[PDB]
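Notes follow once the structure below has been shown.
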Amino acid sequence: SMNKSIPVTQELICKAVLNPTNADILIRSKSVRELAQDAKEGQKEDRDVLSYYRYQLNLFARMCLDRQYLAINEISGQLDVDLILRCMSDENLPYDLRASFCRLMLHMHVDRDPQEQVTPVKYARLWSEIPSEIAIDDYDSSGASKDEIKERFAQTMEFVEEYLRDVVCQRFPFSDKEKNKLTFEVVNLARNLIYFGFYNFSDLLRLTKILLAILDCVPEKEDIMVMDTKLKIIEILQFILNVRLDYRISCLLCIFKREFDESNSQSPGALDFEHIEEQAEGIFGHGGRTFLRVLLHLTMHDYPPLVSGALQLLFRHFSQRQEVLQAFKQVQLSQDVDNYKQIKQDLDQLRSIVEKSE
Amino acid sequence: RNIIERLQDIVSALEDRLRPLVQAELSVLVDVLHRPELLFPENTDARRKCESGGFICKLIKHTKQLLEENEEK
């Protein structure tokens with residue numbers, strides 16, 4: 001039923017549980033001692049673990065897409081935030097891997113319909129409005145308890161920091177099926193960053209970690225999907241440059257000084273080729289160490305797989321760094337009429353959809 | 001002043017575009033040159049496990065995917 005992602009069946013199953021509620025004999029103190037009982041490698045603990053594994057799919061079938069039944073799926077979810085701490089400290093590698101999935105599903109269902117991944121708002125105030133290259137202050141109120149999700153984000157980056165030494169283990173140790181057990185450890189945890197829209201600098205650090213994880217020697221079914229997950233994670237960084245560039249350009253343009261006095265780079269015919277050769281000196285030989293990013297794209301190309309075309313597309317896009325951002329200046333689009341402008345944009349989108357259908 | 005801003009935008013775009021166009025061509029060539037010269041990050045590929053087959057293998061795979069894949073933009 002869960003696989004269907006098929007709503008009616010999910011509702012029926014949810015209604016159906018009420019009667020038995022269990023199959024074995026049974027919680028915070030009982031779980032840690034059961035974790036200690038699970039520390040005994042043999043037999044009853046194995047049975048308990050199997051039941052728990054099935055149970056997450058119990059959340060997983062429950063967590064297909066439904067927000068109404070997710071409210072009915074709720075008590076388990078409050079328990080799950082608390083459990084989620086148990087997913088970290090337990091060392092339940094095969095176990096708490098499902099515990100991460102459930103938590104993510106619950107949080108996502110619980111809040112903010114917008115699904116904040118892509119920043120469409122490229123404009124700003126009538127002035128530059130405090131050119132702020134250190135800190136971004138976009139909405140601040142899309143989540144009511146933004147720190148409530150940020151508390152999960154506080155649990156998020158520590159779990160993301162848990163992948164950090166794991167790069168020295170998932171990479172320093174080779175890829176194995178036990179490593180594929182740990183491969184489930186990050187197996188969807190980066191997907192939580194996809195709904196994650198609370199901050200940006202940490203994302204840059206995470207991208208660096210992914211490249212680091214990628215290299216040392218020379219398939220991974222979920223591992224390529226793990227790379228396929230991280231390849232989606234690379235796409236979010238492409239928005240940042242454009243936003244920063246747009247803001248800087250606008251600020252420079254606005255002031256009364258606007259007569260050709262703007263020669264600044266966003267990251268001489270021979271002088272361009274000299275800068276090309278100088279960039280080629282940087283090439284053949286967010287302003288960190290860029291060589292790893294280039295290498296990562298090449299490495300992905302070497303890796304292959306059926307999702308490889310998506311990876312290749314990302315590499316070409318990454319190679320360009322400002323060119324479409326100039327073309328993005330044309331795609332940008334009054335404080336009073338800006339709502340009507342927003343309304344018009346929505347209407348226009350509907351019209352465009354209709355035109356596409358036609 | 002909006003019209004002036006748009007114009008300023010156009011002029012900026014042209015300069016960025018001339019310089020940008022040259023830069024883009026150079027970047028592509030290097031990447032093109034790099035592919036011809038696929039050895040930069042392939043020091044690990046030259047350390048071991050990399051063949052330096054490059055662009056030809058990539059091109060074949062890419063071509064098949066693109067043809068059967070989505071829009072070839």
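Go through the residues of segment A:330-346 one by one and say whether even a single one is surrounded by 16 or more Cβ atoms within 10 Å (Cβ to Cβ) and on the phi > 0 side of the Ramachandran plot. Can you show your working first?
Quick first cut of segment A:330-346, residues surrounded by 16 or more Cβ atoms within 10 Å (Cβ to Cβ) only: none.
No, that holds for no residue.
For B:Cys50, work out the one condition from (1) in contact with a helix residue (DSSP H, G or I) (Cβ under 8 Å, 6 or more places away or on another chain); (2) part of a helix (DSSP H, G or I) it doesn't fulfil.
(2)
Pick out the one residue from A:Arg321, A:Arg316 that is closer than 29 Å to A:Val226 by Cα, surrounded by fewer than 18 Cβ atoms within 10 Å (Cβ to Cβ) and facing chain B (nearest Cβ under 9 Å).
On the way: A:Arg321 fails: surrounded by fewer than 18 Cβ atoms within 10 Å (Cβ to Cβ).
One residue alone meets the criteria, A:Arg316.
For a quick check of your reading: which helices (runs of 4 or more DSSP H) sit entirely within segment A:193-298 and have at least 1 residues that are over 20 Å from A:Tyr163 (Cα atoms) and within 14 Å of chain B (Cβ to nearest Cβ)? Don't jump to the end; show me each part of the working.
Working: elements: A:201-214, A:221-254, A:269-284.
Qualifying helices (runs of 4 or more DSSP H): A:221-254, A:269-284.
Only one of (1) assigned to a helix (DSSP H, G or I); (2) in contact with a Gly (Cβ under 6 Å, 6 or more places away or on another chain) is not met by B:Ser27, so which one is it?
(2)
Which of the residues belonging to segment B:49-73 are under 15 Å from A:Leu306 (Cβ atoms) and either in contact with an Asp or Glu (Cβ under 8 Å, 6 or more places away or on another chain) or surrounded by 15 or more Cβ atoms within 10 Å (Cβ to Cβ) (or both)?
Matches in segment B:49-73: B:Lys58, B:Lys61, B:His62, B:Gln65, B:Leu66.
Residues are listed down the side, and each one gets a yes or a no for (1) acidic (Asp, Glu); (2) under 18 Å from the mean Cα position of the chain (by Cα):
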| site | (1), (2) |
| --- | --- |
| A:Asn200 | no, yes |
| A:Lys209 | no, yes |
| A:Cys217 | no, no |
| A:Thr229 | no, yes |
| A:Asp246 | yes, no |
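If I ask for residues that are within 31 Å of the chain's Cα centre (by Cα), closer than 22 Å to A:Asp82 by Cβ and not polar (S, T, N, Q), which ones from segment A:1-31 would you list?
Taking segment A:1-31 and keeping what is within 31 Å of the chain's Cα centre (by Cα), we get A:1-11, A:13-14, A:28, A:31.
Retained after the next criterion (residues that are closer than 22 Å to A:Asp82 by Cβ): A:14, A:28, A:31.
Correct list: A:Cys14, A:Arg28.
Given the conditions (1) surrounded by fewer than 12 Cβ atoms within 10 Å (Cβ to Cβ); (2) part of a helix (DSSP H, G or I); (3) within 11 Å of another protein chain (Cβ to nearest Cβ), report the number of the one that A:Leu350 does not fulfil.
With (1) surrounded by fewer than 12 Cβ atoms within 10 Å (Cβ to Cβ); (2) part of a helix (DSSP H, G or I); (3) within 11 Å of another protein chain (Cβ to nearest Cβ) applied to A:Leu350, the lone miss is (3).
Is there a residue in segment A:124-137 that is of a type in the set (A, V, I, L, M), surrounded by 13 or more Cβ atoms within 10 Å (Cβ to Cβ) and closer than 28 Å to A:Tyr53 by Cβ?
Start the filter on segment A:124-137 by keeping residues that are of a type in the set (A, V, I, L, M), which leaves A:124, A:126, A:130, A:134-136.
Subsequent filtering for residues that are surrounded by 13 or more Cβ atoms within 10 Å (Cβ to Cβ) retains A:124, A:136.
Adding the requirement that they be closer than 28 Å to A:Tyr53 by Cβ leaves none.
The answer is no; no qualifying residue exists.
Quick one: in segment B:39-60, which of the residues that are within 17 Å of the chain's Cα centre (by Cα) and at the interface with chain A (Cβ under 7 Å from one of its Cβ atoms) is farthest from A:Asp216 (Cα to Cα)?
That would be B:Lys58.
Just to be sure before I move on: is A:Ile136 at positive phi and not small (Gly, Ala, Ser) in the structure I sent? Don't jump to the end; show me each part of the working.
Details: at positive phi: no; not small (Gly, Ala, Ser): yes.
Against the criterion (at positive phi and not small (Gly, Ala, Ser)), A:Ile136 does not qualify.
For segment A:54-68, enumerate the residues that are assigned to a helix (DSSP H, G or I) and closer than 13 Å to A:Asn3 by Cα.
Within segment A:54-68, the first condition is being assigned to a helix (DSSP H, G or I), and the residues that meet it are A:54-62, A:68.
Those that are assigned to a helix (DSSP H, G or I) and closer than 13 Å to A:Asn3 by Cα: A:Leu57, A:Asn58, A:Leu59, A:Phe60, A:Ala61, A:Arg62.
Assess whether A:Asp228 counts as being farther than 23 Å from B:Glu5 by Cβ, of a type in the set (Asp, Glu) and touching a helix residue (DSSP H, G or I) at 6+ places or on another chain (Cβ under 6 Å).
Values: farther than 23 Å from B:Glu5 by Cβ: yes; of a type in the set (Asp, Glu): yes; touching a helix residue (DSSP H, G or I) at 6+ places or on another chain (Cβ under 6 Å): no.
Taking the combined requirement at face value, the residue does not satisfy it.
Failed condition for A:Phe260, given (1) on the phi > 0 side of the Ramachandran plot; (2) among the aromatic types (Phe, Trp, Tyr); (3) touching a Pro at 6+ places or on another chain (Cβ under 7 Å), with all others met?
Unmet condition: (3).
Which condition from (1) more than 10 Å from every other protein chain (Cβ to nearest Cβ); (2) under 18 Å from B:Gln23 (Cα atoms); (3) among the charged types (D, E, K, R) is the one that A:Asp338 breaks?
The failed condition is (2).
Looking for something surrounded by fewer than 16 Cβ atoms within 10 Å (Cβ to Cβ), over 30 Å from A:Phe328 (Cα atoms) and either of a type in the set (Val, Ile, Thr) or touching a strand residue (DSSP E or B) at 6+ places or on another chain (Cβ under 7 Å) (or both) - is there at least one such residue anywhere in segment A:138-150?
Scanning segment A:138-150 turns up no residue that is surrounded by fewer than 16 Cβ atoms within 10 Å (Cβ to Cβ), over 30 Å from A:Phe328 (Cα atoms) and either of a type in the set (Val, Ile, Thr) or touching a strand residue (DSSP E or B) at 6+ places or on another chain (Cβ under 7 Å) (or both).
Tell me, which residue of segment B:19-38 that is β-branched (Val, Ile, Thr) and more than 7 Å from chain A (Cβ to nearest Cβ) is nearest to A:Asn264 (Cα to Cα)? Before the answer, list the steps.
Here is the first cut: in segment B:19-38, the ones β-branched (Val, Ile, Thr) are B:22, B:28, B:30, B:32.
Narrowing further to those that are more than 7 Å from chain A (Cβ to nearest Cβ): B:28, B:32.
Values: B:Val28: 22, B:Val32: 27 Å.
Per the stated criteria, the residue is B:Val28.
Read-outs throughout are calculated quantities, based only on the coordinates presented, and are distinct from any laboratory measurement. So basically every Cβ, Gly included, is an ideal-geometry build from the backbone, and we count neighbours across all protein chains shown.
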